[PDB]
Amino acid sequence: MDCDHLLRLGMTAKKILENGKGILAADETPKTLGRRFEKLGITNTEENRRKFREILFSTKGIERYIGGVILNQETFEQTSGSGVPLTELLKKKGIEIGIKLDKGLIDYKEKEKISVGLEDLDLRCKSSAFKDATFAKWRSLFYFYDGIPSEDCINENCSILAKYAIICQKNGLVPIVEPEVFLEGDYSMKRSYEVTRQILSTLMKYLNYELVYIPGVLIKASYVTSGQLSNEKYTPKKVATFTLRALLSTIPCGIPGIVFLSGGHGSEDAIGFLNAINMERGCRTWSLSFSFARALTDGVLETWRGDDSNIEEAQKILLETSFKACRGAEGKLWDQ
């Protein structure tokens, strides 16, 4: 953690988000991807998981819009049908390679979760498997119910995210910290707004207590909305207003970027909220961009359907959806 080392982290963080670019999240575990596959009639074979990632990474022109890709650990060991390591597809395109490093969630208190995997995190960061990686991702999830998220759960998850962040940085990796506010729940938008302010301000506390290099951290955040079980409606403008207010209230000038997660929102909504937040006035130093899994790849899966003859059309949908995300990241989706 000398001057040069820190500057490298900051440069990586900015490179990922240059020129309206964002992040393609492709880090689903076999179990998470398998559920997605099964809804659409695709067998959850390793081969189909490998091919899916090949389809994504080999999309021609995707590097104009995508500055980094978050890989699942198993994908680092996989090759294209033509023999080339899947990581090489991305490296040749100049796209930064990331690694998801959490080991999922376990129960905490009543009805809440913490994320796990810190105990061997430093050893894992040093794995030869991930030698080409320059950034990482770790997810916590905040369930909402009557008196929840509890303060204990906010504190513990923020502590875990911060401890992961410092270990990443000490290993030369830019950490993405992902404090996801779970969409499946019954809560008002005002409640999401207030809890988002609690979570993000607390996350910044723990990052500071762990003496994380703030210019070398990316925050992957949920949009501020009401819960999916709420009867409450909202529009892109309202999501933009509330989300940007929460961020302006909580995120220090030194953070280089916020990258939104799609979170169960539609592709259309996720991109529209991004565009809307980037048209909002309100001085800020950080980029507002994207780290989408479903918003970018649901259409690819729905087009592909496990049939090689649908691959070209699936790649076209990725490229077009990635274009729109990038235009949204600059607030230009209505233009040209």
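One rule holds for the numbers: they count along the sequence shown, beginning at 1.
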Which wins on mean Cα temperature factor, 2-10 or 325-333?
-> 2-10
So which stretch wins on mean C-alpha B-factor, 103-111 or 151-159?
-> 103-111
Between 303, 275, 291, 287, let me know which has the highest C-alpha B-factor in the entry?
-> 303
Looking at 80, 72, 202, 196, which has the biggest Cα B factor in the entry?
-> 80
Residue 241: CA B-factor among chain residues, third -> middle
Assigned third (lowest, middle, highest) for the C-alpha B factor of residue 172 = middle
Within this chain's modelled residues, let me know which third the CA B factor of residue 191 belongs to: lowest, middle or highest.
-> middle
Mind checking which third residue 249 falls in for C-alpha B-factor across the chain?
-> lowest
Hey, what third does residue 223 fall into on Cα B-factor, ranked over its chain?
-> lowest
